[PDB]
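Peer 1: In the entry's author numbering, the protein residues as written are 51 to 463, 468 to 573, 576 to 860.
Please find one structure pasted underneath; my questions will follow.
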Ligand SMILES: *[C@@H]1O[C@H](CO)[C@@H](O[C@@H]2O[C@H](CO)[C@@H](O[C@@H]3O[C@H](CO[C@H]4O[C@H](CO)[C@@H](O)[C@H](O[C@H]5O[C@H](CO)[C@@H](O)[C@H](O)[C@@H]5O[C@H]5O[C@H](CO)[C@@H](O)[C@H](O)[C@@H]5O)[C@@H]4O)[C@@H](O)[C@H](O[C@H]4O[C@H](CO)[C@@H](O)[C@H](O)[C@@H]4O[C@H]4O[C@H](CO)[C@@H](O)[C@H](O)[C@@H]4O)[C@@H]3O)[C@H](O)[C@H]2NC(C)=O)[C@H](O)[C@H]1NC(C)=O
Ligand SMILES: CCc1ccc(OCc2n[nH]c(=O)n2C)c(Oc2cc(C#N)cc(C3CC3)c2)c1F
Ligand SMILES: [Ca+2]
Ligand SMILES: [Cl-]
Ligand code: NA
Ligand code: NA
Ligand SMILES: [Zn+2]
């Protein structure tokens, strides 16, 4: 209940939220149906429109006008944004040459440059180039400020998950807005875009920027605008707040446009109808910049022009129907569209079975435009699993398509030509970033980066300490002129042991055999040197990874590779090796097919054994440093050490062998040498974080050998490919993957074909940031390069997408 009989007189767009049942006058009151009786009259004036004309100049103030052109409007702070242009011979900001803003140029009483976040819904990255002719204001921000050619949104590429990621620096699984639609089973409550339900605090985790600012004594304008407030009024309100006195004035502001997303859904991303919406956004930007210019703030304010997601071509006829797949279609609930989420229709139905639903959805039709996953099997780069609101069964839908339950859902709900939501690496989903102002760089292009990184920089821009978040603070220092955040490398927690030869062959009873009894002071001093690390600068090119948790591990050196071997998990945490352009691939000799060799540096009790793999009918093994890439027949023996062995399902060994035999060498050819760091990942609780030993759900049968959920590789080389990977003077180039360790290749519909037809496709889908591998392993990579730490942080956030 609201006592709407109070008044908005002198309260229009007040910053405090007034408590029920007293009537509100804030930019949220419309959404709560709680505005005072006179809110529209007083706070939503429209009389005479939004622009000054010559004949209004020097008018007598008339308080009913939307905005003013009277001589007193500047001190009142309520001129039309074009007042100075029309009435005072000034130029529009867009017509002014851009000139570097070397220092903030702020009016007295401004303690720091204010930040204005201009957020646009559905603004696809390619609009910056393709619409540049109709967006002169936005083109000026982009060209004169700092811009990325695109910015990567988060999955799902939907509005609220992405806006709240911008706000919090968190993945949707952590902030809680995991879709525009959600069921929370703990609260037994549903989230929808309609009504006031979405406003309930329980949906929104983490700490958004406006709360971060408030808690630390920086005042914030309100980030949510009711849909019925016109954009001209949003801009006027922000400009009015900016003329508040010092003590009362916010330092951070947000504007929001529902366009171009609204039209894009109707017309498709490049419908001819889309030019108008783009012009209109540009005009709104021009209003803001003109208004800042009037207030003498245009060389003071940092402006961020930022999108939430793009827009793809999607039409009703491109829908897959679960009714064509499932017999039981009425026993499921489906969240539909550009992603699918499935759960049981009724939690009383114990004939519900995820295993049979998944199997009925898997490679059933030759052109099938979606792929089913248990959420833990989704590419780790998506970070879309660790929340009770994410259903176990997920459908990744091909770009340009929808999934729906039954045909009737689509015609009793073509009425649309655009949509978004797809995998966040899809080009049509990429969105925009431009920063303009004293703290941003001048005329600077920066590589694409992920929207999860922005919260940190927004905190930097405002002098705030960010709340714990998923950005990597310092990874975007290259966007900034000043206010950089200079992180230190984390300290190593566990120091390695360096074991020498400590065990005789006969102390081992591993049930392994090797035909290795095939054997000089020339060639033995040499082998000893290798085992002492004489070739380590070749194979360990960026220093040893630091272990950031308490554990017990051994550094093991070899001619061809170096490893950090965990006595806890009985396998390497990491294995590092360099493969030059000239390296040659060989096979595993016939006599060495089943060769496994005890490592005389490591006790029996801290070794795997071959009996375990013989007895486990589901589990085989592979090796981390590939025997195929041995530098000599004698070196090959090192590759068969029990300390280089890792448990692998036969199905996964298909993938791994092809990567090791064929791809590594292909990457070395193309990249002029690669350095490879490979290892296991244990994430049984799918939280994106290294499991502790007591979190492991599966072992090689009868043993203490833990089964990895994933295997990773980090493949580094010289960004200037004229330099070989092992003699690189400059910046580095990286690609990584985190391949799921699965007992079948059901994910790959073409997997009965030759590995050359499907394995690299799998790998690309499981592309990763080095940073994702750091979280999953507790390791810190690139500790010793000649590069700046911020640059290394940027490298670590890099994602190789394979989009064109
Ligand atoms: C991306 O960035 C974020 C932020 O840095 C990372 O998330 C952090 O990860 C930490 C580890 O997972 C986690 O730490 C835990 O905090 C628990 C206290 O939780 C509350 O307080 C925080 C701080 O303000 C708050 O943010 C939390 O908010 C969560 O929950 C609310 C309501 O449910 C949501 O609104 C909100 O969205 C958020 O949910 C998300 O996280 C939770 C987990 O917190 C998930 O359940 C959701 O799926 C969702 O993703 C909370 O209100 C604390 O209790 C934990 O401590 C346990 O474990 C340690 C082990 O060292 C031990 O000392 C304790 O004994 C304790 O164990 C006891 O409880 C166990 C579990 O019930 C039980 O089994 C034991 O027997 C014990 O009794 C833990 O320290 C931190 O909360 C989050 N922060 C956020 C914001 O999500 C994220 O990891 C990053 N991702 C990647 C990939 O890098
Ligand atoms: C850059 C970060 C950012 C910018 C703009 C944001 O909304 C802008 C917005 N106006 N009107 C509208 O329909 N939309 C989506 C935003 O989302 C929210 C902000 C607040 C607040 N305060 C509250 C909510 C939930 C719905 C109740 C969401 C957001 F996080
Ligand atoms: Ca984990
Ligand atoms: Cl959704
Ligand atoms: Na076996
Ligand atoms: Na298959
Ligand atoms: Zn949309």
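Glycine included, each C-beta is placed from N, C-alpha and C at the ideal position.
Using a Cβ distance threshold of 8 Å, determine whether the segment 841-853 contacts the segment 444-459, with at least three qualifying pairs required.
Peer 2: Taking 8 Å as the limit for Cβ pairs, the verdict is that the segment 444-459 does not touch the segment 841-853.
Peer 1: Taking the alpha carbon of residue 792 as the reference point, which residue from 772, 141, 682 and 681 has its own alpha carbon closest?
Peer 2: When only C-alpha atoms are compared, the closest one is 772.
Peer 1: Using the DSSP secondary-structure output, state which residues sit across from residue 618 in a beta bridge.
Peer 2: DSSP lists 613 and 632 as partners of residue 618.
Peer 1: For residue 807, tell me which candidate among 270, 707 and 147 has the shortest Cα-Cα distance.
Peer 2: If we check each option's Cα against that of residue 807, 707 comes out closest.
Peer 1: Once DSSP output is grouped into helix, strand and coil, what is the label at residue 509?
Peer 2: Looking at residue 509 - three-state DSSP - the assignment turns out to be helix.
Peer 1: Please give me, in chain order, every unbroken run of the alpha helix (DSSP H) with length at least 4 that falls completely inside the segment 830-855.
Peer 2: You should have 845-853.
Peer 1: Tell me the rounded alpha-carbon separation between residue 252 and residue 204.
Peer 2: Each residue's Cα considered, the two are about 21 Å apart.
Peer 1: Would DSSP call residue 669 helix, strand or coil?
Peer 2: Three-state result, residue 669: helix.
Peer 1: Hey, would you say residue 617 sits closer than 8 Å to residue 681, going by beta carbons?
Peer 2: In contact: residue 617 and residue 681 (Cβ atoms closer than 8 Å).
Peer 1: Do residue 755 and residue 762 count as a contact pair if the criterion is CB distance below 8 Å?
Peer 2: Yes, the Cβ-Cβ distance between residue 762 and residue 755 is below 8 Å.
Peer 1: Whole angstroms is fine: what's the gap from residue 410's alpha carbon to residue 370's?
Peer 2: Taking the straight line joining both Cα atoms gives about 14 Å.
Peer 1: In the DSSP assignment, the alpha helix (DSSP H) including residue 336 goes from what residue to what residue?
Peer 2: Per DSSP, residue 336 belongs to the alpha helix (DSSP H) from 325-344.
Peer 1: Using only the heavy atoms of ligand 1, determine whether one of them is closer than 7 Å to the beta carbon of residue 633.
Peer 2: Not so, every heavy atom of ligand 1 lies at least 7 Å from the Cβ.
Peer 1: When you compare only the Cα positions, how much space is there between residue 146 and residue 66?
Peer 2: Each residue's alpha carbon lies about 37 Å from the other.
Peer 1: So what's residue 568 in DSSP terms, helix, strand or just coil?
Peer 2: In the structure shown, residue 568 sits in coil (DSSP, three-state: anything other than H, G, I, E or B).
Peer 1: Using the three-state DSSP reduction, which class does residue 588 fall into: helix, strand or coil?
Peer 2: DSSP places residue 588 in helix when its eight states are reduced to three.
Peer 1: Scan the segment 678-761 and note each continuous alpha helix (DSSP H) run of 4 residues or more that stays entirely inside, going in chain order.
Peer 2: Runs of the alpha helix (DSSP H) inside the segment 678-761: 689-692, 706-714 and 720-727.
Peer 1: Got a list of residues with beta-carbon closer than 6 Å to any non-hydrogen atom of ligand 6, in chain order?
Peer 2: This criterion selects 801, 802, 804, 805 and 807.
Peer 1: Whose C-beta lies closer than 6 Å to the C-beta of residue 336 among residues of the same chain, with five residues either side of it excluded?
Peer 2: Here the set comprises 144 and 187.
Peer 1: What does a CB cutoff of less than 7 Å around residue 615 pick up in its chain, not counting 5 residues either side in sequence?
Peer 2: Result list for residue 615: 586, 591, 687, 691 and 694, in chain order.
Peer 1: If you reduce the DSSP assignment to three classes, tell me which class residue 767 lands in.
Peer 2: Residue 767: strand per DSSP, three-state reduction.
Peer 1: Is residue 493 closer than 8 Å to residue 163 when the C-beta atoms are compared?
Peer 2: Yes; because the gap between Cβ atoms is below 8 Å, this pair is in contact.
Peer 1: Should the segment 773-793 be regarded as contacting the segment 740-750, the criterion being three or more beta carbon pairs within less than 8 Å?
Peer 2: Too few Cβ pairs lie closer than 8 Å, so no.
Peer 1: Based on the DSSP secondary-structure assignment, which residues constitute the bridge partners of residue 389?
Peer 2: The partner list for residue 389 (beta bridge, DSSP) reads 446.
Peer 1: Exposed or buried, what is residue 51 when buried is set at 16 or more other beta-carbons lying within 10 Å of its beta-carbon?
Peer 2: Under this definition residue 51 is an exposed residue.
Peer 1: Below 7 Å, is the gap between the Cβ of residue 465 and the nearest heavy atom of ligand 3?
Peer 2: Since the model of the chain includes 463 and then 468 but nothing between them, residue 465 has no atomic positions to report.
Peer 1: Any heavy atom of ligand 5 closer than 7 Å to the Cβ of residue 570?
Peer 2: Residue 570 Cβ: outside cutoff for every heavy atom of ligand 5.
Peer 1: Cutting at 6 Å between CB atoms, please list the residues of its own chain near residue 311, excluding the five before and the five after it.
Peer 2: Within the same chain, residue 311 has close Cβ partners 171 and 172.
Peer 1: For the segment 697-716 and the segment 798-812, state whether three or more C-beta atom pairs, one from each stretch, are separated by less than 8 Å.
Peer 2: Contact between the segment 697-716 and the segment 798-812 is present, because at least three Cβ pairs lie under 8 Å.
Peer 1: Could you give the distance in angstroms between the alpha-carbon of residue 474 and the alpha-carbon of residue 185?
Peer 2: Distance between the alpha carbons of residue 474 and residue 185: 23 Å.
Peer 1: Can you check DSSP and say which residues form a bridge with residue 795?
Peer 2: Residue 795 is bridged to 767.
Peer 1: Would you kindly work out how many angstroms separate the C-alpha atoms of residue 313 and residue 327, rounded to a whole number?
Peer 2: Near 7 Å, if we compare the C-alpha coordinates of residue 327 and residue 313.
Peer 1: DSSP on residue 123, reduced to helix/strand/coil?
Peer 2: Three-state DSSP puts residue 123 in a helix.
Peer 1: At a cut of 8 Å, does the segment 415-431 reach the segment 343-351 through at least three beta carbon pairs?
Peer 2: No, they do not touch.
Peer 1: Report all residues from its chain with a CB closer than 6 Å to the CB of residue 439; omit the five preceding and five following residues, and keep chain order.
Peer 2: Taken in chain order, the residues that qualify are 228, 232 and 234.
Peer 1: Is it the case that the CB of residue 743 approaches a heavy atom of ligand 1 more closely than 7 Å?
Peer 2: Checking the Cβ of residue 743 against ligand 1 gives yes.
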